[PDB]
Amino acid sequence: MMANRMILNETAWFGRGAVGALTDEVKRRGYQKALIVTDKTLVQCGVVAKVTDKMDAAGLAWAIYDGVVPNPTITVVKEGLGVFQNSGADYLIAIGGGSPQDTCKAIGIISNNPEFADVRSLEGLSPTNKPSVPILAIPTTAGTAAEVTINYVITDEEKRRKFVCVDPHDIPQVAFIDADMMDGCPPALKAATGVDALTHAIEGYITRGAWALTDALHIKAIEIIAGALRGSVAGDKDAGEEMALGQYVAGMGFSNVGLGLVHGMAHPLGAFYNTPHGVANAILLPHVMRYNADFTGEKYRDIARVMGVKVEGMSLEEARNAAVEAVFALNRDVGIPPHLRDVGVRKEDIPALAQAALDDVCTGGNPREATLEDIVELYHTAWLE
């Protein structure tokens, strides 16, 4: 029926050493001065200087905003926007995971669309008339794929909720997908962000708006990620490079079609508790998959198959169970906590979390139409055994 749109990065560089392309890209574009948007951890760890050392050798000017925090808030966006406005910069370089990537998008959008100074009013299909300030995006987790999506997610601390901004105008001009930038994640962070990448690919494979091209991207991403994540957590170089590619491929799909109830149930955790996005999604994933199983056609057979299960001869019910179990197994293998209680959730908040999840935009993509009671029940199931 309806035609399907795809927004993608016009330019992207892939592989260990891809950040070495940045200075030429800047020179080709004629930009005069960057604002780097990042967090203090990435500065302390030397990750930012991997980029600035190259800029300095090429004679390219920059300034830094390093105030991003996980689950970046309206306060963070306003602070970074002020730094941008006083910096003399003409473009942005986002160095970090989803939290810096998203902050950078917000800054770049508001700078060219000042009617959105309050930040909150960007939620939804932001009616921006101008493209963002140009962004060069450098992910350091594997990851959110925020370098390739048209979305960014802000935490409204005053309202205790996360909100999603969807806007073609925010797409980065160039993405640099370089596992050298990602290797310093602690193993536990690799694990959570990697199962989050898997969640993007699984939810995107089964989302209501799925179509042929996104299905092809998502099923490839699932195969890459499921084959690489244990090795990446273990520190294998090639597995890290595979994770960097797979996490990105997932975004090429889900940006354009949507996610589901895993992300919808994780957003309130981020808002209520400041839970890390990756861990929250990882813990919820297999429970939501079980819930969705009967509403997914043949797709769990494909998921199980590319996660290593010999599905030949299984009934559809068996293949569905096998897909779920393969996710539980991966979570155990890479040390994801088994229960939400383990990561600071309170049972008393489940009613309110569930209403927030029901209302979350990601939930609308879920292949099964969730009810309040389904979400209450899933939180209890995930909370403790």
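Heads up: residue numbers just count along the shown sequence, starting at 1.
Would you mind comparing 118 to 126 and 303 to 311 for me and telling me which has the higher average C-alpha temperature factor in the entry?
Between 303 to 311 and 118 to 126, it is 303 to 311 that shows the higher mean C-alpha B-factor.
Test of understanding: from the entry's C-alpha B-factors, which stretch has the higher mean, 289 to 297 or 212 to 220?
Looking at the record's C-alpha B-factors, the answer is 289 to 297.
Per the coordinate record, which of the options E203, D178, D236, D170 holds the highest CA temperature factor?
Within the set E203, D178, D236, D170, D236 shows the top C-alpha B-factor.
According to the Cα B-factor stored in this entry, which of the following is highest: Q247, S132, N274, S87?
When the deposited C-alpha B-factors of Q247, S132, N274, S87 are compared, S87 is largest.
Please place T23 in the lowest, middle or highest third of its chain by C-alpha B factor as given in the entry.
It belongs to the highest third of the chain when residues are ordered by C-alpha B-factor.
If you rank every modelled residue in this chain by C-alpha B factor, which third holds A226: lowest, middle or highest?
As the PDB entry reports it, the C-alpha B-factor of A226 lands in the highest third of its chain.
Using only modelled residues of the chain, where does the Cα B factor of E377 rank: lowest third, middle third or highest third?
It belongs to the middle third of the chain when residues are ordered by C-alpha B-factor.
Using the B-factor values recorded in the entry, state whether the Cα atom of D56 falls in the lowest, middle or highest third among the modelled residues of its chain.
According to the entry, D56 has a C-alpha B-factor in the chain's highest third.
Check where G278 lands among this chain's C-alpha B-factors and tell me if it's the lowest, middle or highest third.
Its C-alpha B-factor, which the entry lists for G278, ranks in the middle third among residues of this chain.
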